[PDB]
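# Descriptive analysis of the structure
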Amino acid sequence: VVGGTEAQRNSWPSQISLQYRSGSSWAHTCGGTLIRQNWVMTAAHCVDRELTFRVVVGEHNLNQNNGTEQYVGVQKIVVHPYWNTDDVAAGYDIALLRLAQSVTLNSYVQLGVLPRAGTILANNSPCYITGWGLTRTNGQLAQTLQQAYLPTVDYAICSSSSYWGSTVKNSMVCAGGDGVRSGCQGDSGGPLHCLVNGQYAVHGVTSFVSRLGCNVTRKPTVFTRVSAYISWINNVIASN
Ligand SMILES: [Ca+2]
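As deposited, the entry is annotated with X-ray crystallography as its determination method and 2.000 Å as its resolution.

In structure tokens, the structure reads:
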């Protein structure tokens with residue numbers, strides 16, 4: 001997250017850290033959202049490689065021990081059937097991970113609330129992006145969870161030539177674009193929390209930013225619109 005601030009230890013309890021085994025150590029690679037005691041929602045392109053993944057909940061400082069973390073393995077990975085590694089602009093960047101064991105809920109670990117299917121936010125709706133991603137284009141990961149105010153930019157505006165144009169589909173959500181704040185590599189798969197009727201709900205899964213940079217004016221961070229996949233998500237958690 002570029003241009004953000006450190007978040008409160010208990011501000012975003014549904015945020016998780018997806019890490020892969022690097023030799024004999026673990027390295028953070030993406031964010032995600034706990035939607036069930038044993039199910040995590042994240043980005044498909046985050047789990048395209050055949051690596052060994054683990055999920056960390058109750059996490060705040062990636063480098064230190066907060067005394068609130070729970071480490072659990074990933075038993076099964078369910079990528080959306082239409083995902084295409086070579087075409088992130090085609091959409092469908094979403095995946096579900098069944099954890100090896102159910103986690104215990106508390107002040108630091110809670111489930112994220114998903115919006116009703118088909119829900120579309122009005123232009124300039126108040127949302128926040130959170131993550132341990134890069135704090136600068138070509139910089140380094142953050143040590144502590146960061147957050148940044150990132151209002152939405154409706155489809156009509158985001159798909160106009162002055163912004164992302166045709167690269168953006170109606171199955172996506174755009175937020176930010178002020179050239180100062182934005183998501184960055186490492187925030188992918190993480191949530192976009194938006195205030196709706198006095199409650200924060202996860203409306204997006206961080207998907208991509210500009211090849212030319214993370215914080216680029218008129219090039220808002222692009223997210224997978226969660227409300228477009230509610231039926232899919234429910235069918236997976238019920239079957240698998
Ligand atoms: Ca820690």
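## Here we look at the side chain of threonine 68
Mapped onto the fold, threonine 68 is located in the loop between β5 (53-57) and β6 (70-79). On the accessibility criterion, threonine 68 (18% relative accessible area) is buried. There is a polar contact of 2.7 Å between the side chain of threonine 68 and the backbone oxygen of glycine 58. With sequence-adjacent residues up to four places away left out, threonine 68 is seen in contact with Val57, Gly58 and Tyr108.

## Observations concerning the UniProt feature "active site" in the chain
As annotated by UniProt and renumbered to match this structure, "active site" occupies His45, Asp93 and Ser188. A maximum C-alpha distance of 10.0 Å is found for the annotated residues, which run over 144 residues; spatially they form one tight group. Mapping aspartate 93 onto the fold places it in the loop between β6 and β7 (95-99). Given a relative accessible area of 1%, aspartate 93 falls into the buried group. Among all residues touching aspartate 93, those that are not within four sequence positions of it are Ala43, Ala44, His45, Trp83, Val88, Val205, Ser207 and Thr224.

## Points about the nonpolar core
Formed by 35 residues in total, the largest nonpolar core has its most connected members in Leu18, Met41, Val55, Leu96 and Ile233. Sorting elements by how many residues they give to this core places helix α2 (residues 230-239) first, with 5 residues. The residues that make up this core include at least three from each of domain 1 (1-12 + 112-227) and domain 2 (13-111 + 228-240). Aside from chain neighbours lying at most four places away, what touches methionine 41 is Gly32, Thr33, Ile35, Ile94, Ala95, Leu96, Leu114, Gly189, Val202, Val205, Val226 and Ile233. Membership of the second largest hydrophobic core comes to 11 residues, among which are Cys127, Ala148, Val173 and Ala175.

## Considering the state of the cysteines
Summed over the entire model, instances satisfying the criterion amount to 4 disulfides. The disulfide bridge from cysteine 158 ends at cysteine 174, spanning 2.0 Å between sulfur atoms. Taking the torsion about the sulfur-sulfur bond, which here is approximately -85°, the covalent link between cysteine 158 and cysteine 174 counts as left-handed. In this pair, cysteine 158 sits in helix α1 (residues 155-158) while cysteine 174 sits in strand β11 (residues 172-175), placing the two residues 16 residues apart along the sequence. Classification of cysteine 158 as buried rests on a relative accessible area of 0%.

## Some remarks on the UniProt feature "disulfide bond" in the chain
Sulfur atoms bridged by a disulfide sit less than 2.5 Å apart; for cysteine 127 and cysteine 194, annotated as such a bridge in UniProt, the distance of 2.0 Å is consistent with the bond. Separated by 67 residues along the polypeptide, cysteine 127 in strand β8 (residues 127-131) and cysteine 194 in strand β12 (residues 191-196) bring together distant segments of the chain. You can call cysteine 194 buried: its relative accessible area is 1%. Of the disulfides catalogued by UniProt, the one between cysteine 184 and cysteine 214 is formed in the present coordinates, where the sulfur separation is 2.0 Å. Note that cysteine 184 is positioned in the loop between β11 and β12 and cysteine 214 in the loop between β13 (199-208) and β14 (221-225), a separation of 30 residues in sequence. Across the pair, exposure class does not vary: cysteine 184 and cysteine 214 are buried alike.

## Topic: the coordination of the calcium ion
In this structure, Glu59 (OE), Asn61 (O), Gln64 (O), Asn66 (OD1) and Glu69 (OE) serve as the protein donors to the calcium ion, at separations of 2.3 to 2.4 Å. Within one chain, the residues serving as donors to the calcium ion are arranged as E-x1-N-x2-Q-x1-N-x2-E. Taken together, the positions of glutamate 59 in the loop between β5 and β6 and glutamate 69 in the loop between β5 and β6 put the pair 10 residues apart, joining distant regions of the chain. The class of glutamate 59 is buried, set by a relative accessible area of 8%. Under the relative-accessibility criterion, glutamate 69 is labelled buried at 13%.

Cut-offs and rules
- Residues numbered from 1 in each chain as written, not as in the entry; some residues may be left out.
- Heavy atoms only, no water.
- Helix = DSSP H or I, 4+ residues; strand = E, 2+ residues; numbered from the N terminus.
- Buried < 20%, exposed > 50% of the residue type's maximum accessible area, 1.4 Å probe, protein only.
- Polar contact = N/O pair within 3.5 Å; in protein donor to acceptor, adjacent residues only side chain to side chain.
- Contact = heavy atoms within 4.5 Å.
- UniProt positions renumbered as here; feature names shortened; annotations may be inferred.
- Core = buried A, V, L, I, M, F, W, Y, C linked by side-chain atoms within 4.5 Å.
- Domains from an automatic or database assignment.
- Disulfide = S-S within 2.5 Å.
- Donors = N, O, S within 2.8 Å, 3.2 Å for Na, K, Ca; no water.

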